[PDB]
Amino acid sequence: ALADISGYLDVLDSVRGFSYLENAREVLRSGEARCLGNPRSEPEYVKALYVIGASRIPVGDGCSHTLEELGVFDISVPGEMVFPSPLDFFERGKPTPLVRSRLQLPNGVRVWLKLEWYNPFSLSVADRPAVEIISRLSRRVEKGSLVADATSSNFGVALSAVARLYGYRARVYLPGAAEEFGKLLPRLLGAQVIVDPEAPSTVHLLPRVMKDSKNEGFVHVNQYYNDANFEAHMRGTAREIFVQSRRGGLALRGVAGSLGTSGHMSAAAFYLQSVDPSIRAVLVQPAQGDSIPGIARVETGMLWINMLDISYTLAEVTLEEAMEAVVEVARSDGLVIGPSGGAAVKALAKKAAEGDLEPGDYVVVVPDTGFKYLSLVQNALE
């Protein structure tokens, strides 16, 4: 028997840890789930179902239900694209587009681009964790409380818009080296913004944010460590790649992406590799000395990409190389991607060149629009 998952979403405030993901893998890999006689005695199972994008839960004595029955494959989007509010637009106006590129890689490696700038608040993938985190927050923390974090830019914008849509106040802390959209836009959206000229990276701002949190009593929402960030991309970004691939007729052989907190590619890889363990995750390691905005090297500390049981390969990519690739996707497809998108295109293009990859369809996740990166555009032309 099928019941609504919404009623049972207190498990989000009660399950901790990662042992619950064993349930996900089996349900995904099997393509079904066992009915629970007492949904409340199985909090691990129930959470797993939500995290894979189920909308309903299987309830009763001895039965099972498929992914389709559970609502993993439910179409959310109104065909007419009419939405009664922006937050409902983020939620229901999904998936983000999967576009097959005219870009041609060797060895029958077909490039598809998942355009995460089709998120309404930050025009970037960071919307998805921002809505998930703040939505759980709305359960506990009283309205008018100040919520805050460090960001390279996107999340700070996403946090500021979404905070204020939930009655919360926002503060964002940014490195001096972040772009002007990051420093400026949260202010337009009603946040405070703090820029540390001496912080060379977003991770290095973390102690300052924790220190001030202890002093002032704001809720440091902590995108690096907040399990909602991984979970949002499990039921959103990754699930979409699962569903789109299948509805698309794709022979999905891998994913390619970039790492900041590591939330989105950990989710894609884990979810996809639950379904089919051979699926490669090709991940970018920005080259040493170089800065690619929004992303970083793994060894600077990332929660999920280490701890979860995820097969991935790395490819080294310089800024200059991420910028070359922006330029060529612009000339191939007329679509203007961000630095970190080009980095992932490049990264896959190398594994493809090397002979390391099967022929078939790969999905790259493109985190944002290149329209926010005029300097790096300018410098890559001259």
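In this text, residue numbers run from 1 along the sequence as written.
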{"item": "Per the entry, higher mean C-alpha B factor between 229 to 237 and 214 to 222", "value": "214 to 222"}
{"item": "Entry-level comparison of average CA B-factors, 188 to 196 and 71 to 79, reporting the higher stretch", "value": "188 to 196"}
{"item": "From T318, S340, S55, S332, residue of greatest CA B-factor", "value": "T318"}
{"item": "Highest-ranked of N107, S258, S160, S124 once sorted by CA temperature factor in the record", "value": "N107"}
{"item": "Chain thirds of CA B-factor: placement of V11", "value": "highest"}
{"item": "CA B-factor placement of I292, once the chain's modelled residues are sorted into thirds", "value": "middle"}
{"item": "Third assignment of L381 from its chain's C-alpha B-factors", "value": "highest"}
{"item": "Among modelled residues of the same chain, the CA temperature factor third for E42", "value": "highest"}
{"item": "Lowest, middle or highest third - CA B-factor, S135", "value": "middle"}
